[PDB]
Amino acid sequence: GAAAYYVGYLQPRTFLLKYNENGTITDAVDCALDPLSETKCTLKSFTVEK
Amino acid sequence: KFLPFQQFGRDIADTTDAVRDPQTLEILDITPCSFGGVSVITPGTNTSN
Ligand SMILES: *[C@@H]1O[C@H](CO)[C@@H](O)[C@H](O)[C@H]1NC(C)=O
Ligand SMILES: *[C@@H]1O[C@H](CO)[C@@H](O)[C@H](O)[C@H]1NC(C)=O
């Protein structure tokens, strides 16, 4: 027959895992993508002021 | 609200919210009762006891 598949590797990393009221994962941000992602994670908040 | 793969409860102080009650799935909320205070209002051992 005919089909297809993906192959990809995973590496260790830490994100900021956000759970809503129900208890389901909805928002995640890593630490090794962008300075914002970084400074955002340290403040432990999704909103960063000036 | 809780989910089948979420039978342990702890927000910031590791409170005993994890009582999923394996016996009869029943998540319980643990909370200490009133602590209380104390203070003695006295007019002095000179006037009266
Ligand atoms: C989680 O929230 C409510 C829980 O009251 C549930 O009915 C709903 O299907 C779930 N998802 C969202 C997005 O609310
Ligand atoms: C005790 O008596 C009064 C109580 O109000 C107090 O003002 C006084 O200074 C005291 N005197 C003595 C001798 O203990």
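Numbers given to residues start from 1 along each chain, in the order its sequence is written, and need not follow the entry; residues that have no coordinates are not shown. To label them, take the chains in the order written and letter them from A, then take the ligands in the order written and number them from 1. In this view, a larger assembly is represented only partially, and all stated values concern the represented chains. Based on all heavy atoms of the structure, the side-chain values leave hydrogens and waters out of the count.

The record lists cryo-EM as the method behind this PDB entry and 3.75 Å as its resolution.

### Structural notes on the state of the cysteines
Residues and elements named next belong to chain A. Disulfide: a pair of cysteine sulfur atoms within 2.5 Å of each other. Overall, the coordinates contain zero disulfides over all chains when judged by the stated rule. Of all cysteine sulfurs, the one in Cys41 lies closest to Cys31, which takes part in no disulfide; the gap is 5.5 Å. Each residue is assigned to one of three classes by its accessible area relative to the maximum for its type, calculated with a 1.4 Å probe on protein chains only: buried under 20%, partly exposed between the two thresholds, exposed over 50%. What makes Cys31 partly exposed here is its relative accessible area of 28%. Given the relative accessible area of 17%, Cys41 is considered buried.

### Brief notes about the packing of aromatic side chains
When we look at a pair of aromatic rings, we describe it by the centre distance and by the angle of the planes. Between rings of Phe, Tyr and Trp, where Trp is taken as its six-membered ring, a pair exists when centres lie within 6.5 Å; planes separated by under 30 degrees are stacked, by over 60 edge-to-face, and by other angles tilted. One pass over the full model with this rule turns up zero aromatic pairs over all chains. Lying over the aromatic face of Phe46 of chain A, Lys18 of chain A brings its terminal NZ or CZ to 5.3 Å of the ring centre. Throughout this description, the term charge over a ring refers to an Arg CZ or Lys NZ atom that lies within 6 Å of the ring centre and within 35 degrees of the ring normal.

### Considering unusual backbone geometry
Backbone geometry places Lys44 of chain A, a non-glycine residue, at a positive phi of 55 degrees. Position of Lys44 of chain A relative to the elements: it lies in the segment after α1 (35-42). At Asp14 of chain B, a residue that is not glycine, the phi angle is positive and equals roughly 55 degrees. A run of H or I in DSSP becomes a helix once it reaches four residues, and a run of E becomes a strand once it reaches two; helices and strands are each numbered from the N terminus.

### Overview of the pattern of salt bridges
Residue and element names in this part refer to chain A. What makes a salt bridge here is a side-chain nitrogen of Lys or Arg within 4 Å of a carboxyl oxygen of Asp or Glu, nothing more. Taken as a whole and judged by the stated rule, the model has two salt bridges over all chains. A salt bridge links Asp30 to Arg13; the shortest N-O distance between them is 3.7 Å. Of this pair, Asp30 sits in strand β2 (residues 25-30) while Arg13 sits in the segment before β1 (15-19), placing them 17 residues apart in sequence. For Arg13, a relative accessible area of 40% gives the class partly exposed.

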